[PDB]
Amino acid sequence: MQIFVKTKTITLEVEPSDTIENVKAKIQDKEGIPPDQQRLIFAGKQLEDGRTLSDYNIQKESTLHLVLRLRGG
Amino acid sequence: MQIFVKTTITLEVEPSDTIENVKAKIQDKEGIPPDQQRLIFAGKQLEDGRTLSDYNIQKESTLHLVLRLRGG
Amino acid sequence: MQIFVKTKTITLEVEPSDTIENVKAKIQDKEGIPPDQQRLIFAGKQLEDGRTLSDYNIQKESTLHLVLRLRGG
């Protein structure tokens, strides 16, 4: 399934069973943002390592928001 | 309208002010760089692109500022 | 009371009236992780310094999660 990540916006190709760490790797692969500067938000919660996308009920064409941990908080 | 930021300063703000505009005003009064400000209201950490009224922050609401470097 | 902190789990010996800074000092005393690098989660909420354990309804055998600030949310 496709999900969107807005900081501009990128598309990721993901599966519900993917982890947050694994989503961050993909954002790196595409965007060059190191995983350890990424804060991901979905539906107003910051996502945490360990979980999967279905733990947050993230679904097709869900929109995530990336905030840089630098400064941005 | 007046709001309070406790770590306690007063700010003069408009419902339509953005969070980053609030942190700049904090900076101009306190010298704390926006990039080190964590603003909490009603148990939630505020995020840049929102406005005070997206959080129903109102006259004499009290926000809490934590420094990012202090952790939490 | 006993509570557990998972990142490796440690047991701390704490009172409900203890503060989050004090808990974090105890983690430091046992793990050497400095408190300004500790991010404590319980029941889905990041804990904040001005509160006590009872403000979070933390109790005997509650499980907290430590995330390092080196992340990445």
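Here is how names work: the chains are called A, B, and so on, in the same order as the sequence lines, proteins then strands, and each is numbered from 1. When reading the values below, keep in mind they use all heavy atoms of this one structure, side chains included, and skip hydrogens, waters and symmetry mates.
For the atom pair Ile41(A) CD1 and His65(A) NE2, the distance stands at 8.5 Å (nearest 0.5 Å). In this structure, the separation between CG on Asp36(C) and CZ on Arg68(B) is 13.0 Å, given to the nearest 0.5 Å. Expressed to the nearest 0.5 Å, how far CG of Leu11(B) lies from CG of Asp17(B) amounts to 9.5 Å.
In this structure, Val66(B) is not a member of the same hydrophobic cluster as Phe4(B), with clusters built from ILVMFWY side-chain heavy atoms closer than 4.5 Å. Linking ILVMFWY residues whenever their side-chain heavy atoms come closer than 4.5 Å, directly or via other members, places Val14(C) and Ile20(C) in the same cluster.
For the pair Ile58(A)/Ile3(A), a side-chain contact is recorded, criterion being any heavy-atom separation below 4.5 Å from C-beta on. For the pair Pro34(B) and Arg71(A), the minimum side-chain heavy-atom distance is 4.5 Å or more. Using a 4.5 Å heavy-atom threshold, the side chains of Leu39(B) and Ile26(B) count as touching. Side-chain contact between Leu47(C) and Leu64(C): present, with at least one pair of heavy atoms (C-beta onward) separated by less than 4.5 Å. Looking at heavy atoms from C-beta onward, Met1(A) lies in side-chain contact with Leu53(A) at the 4.5 angstrom threshold.
Taking 4.0 Å as the cut-off between side-chain N and carboxylate O, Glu47(B) and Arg38(B) do not count as a salt-bridged pair. For the pair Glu13(C) and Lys26(C), the salt-bridge criterion is not met [side-chain N within less than 4.0 Å of a carboxylate O]. The pair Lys24(C)-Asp49(C) meets the salt-bridge criterion, with a side-chain N (NZ, NE, NH1 or NH2) lying under 4.0 Å from an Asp/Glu carboxylate O.
Surrounding NZ of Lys60(C) are at most 12 heavy atoms belonging to other residues, nucleotides or ligands under 6.0 Å away.
Minimum heavy-atom separation, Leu70(A) to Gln37(A): CD1-OE1, 2.7 Å. The two residues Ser53(B) and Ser16(B) come nearest to each other via the heavy atoms OG-N, 4.3 Å. When all heavy atoms of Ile10(A) and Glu31(A) are compared, the closest pair comes out as CG2-OE1, 3.2 Å. Nearest heavy-atom pair, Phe41(B) versus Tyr55(B), reported as atom, atom and distance to 0.1 Å: CE2-O, 3.6 Å.
Formation of a donor-acceptor pair under 3.5 Å by the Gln38(C) side chain with backbone atoms of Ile33(C) is found in this model. At distances below 3.5 Å, not a single donor-acceptor pair connects side-chain atoms of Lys30(A) with backbone N or O atoms of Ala25(A). With hydrogens and angles disregarded, a donor-acceptor distance shorter than 3.5 Å links the side chain of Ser61(B) to the backbone of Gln58(B).
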Worked verdict on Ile9(B) versus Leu65(B) for side chain to side chain contact (heavy atoms under 4.5 Å, CB included): CA-CA 10 Å; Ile9(B) 56 177; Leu65(B) 179 55; 6.0 Å; no
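Side-chain contact check for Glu21(C) and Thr19(C): at least one donor-acceptor pair (N or O, by modelled atom type) lies under 3.5 Å.
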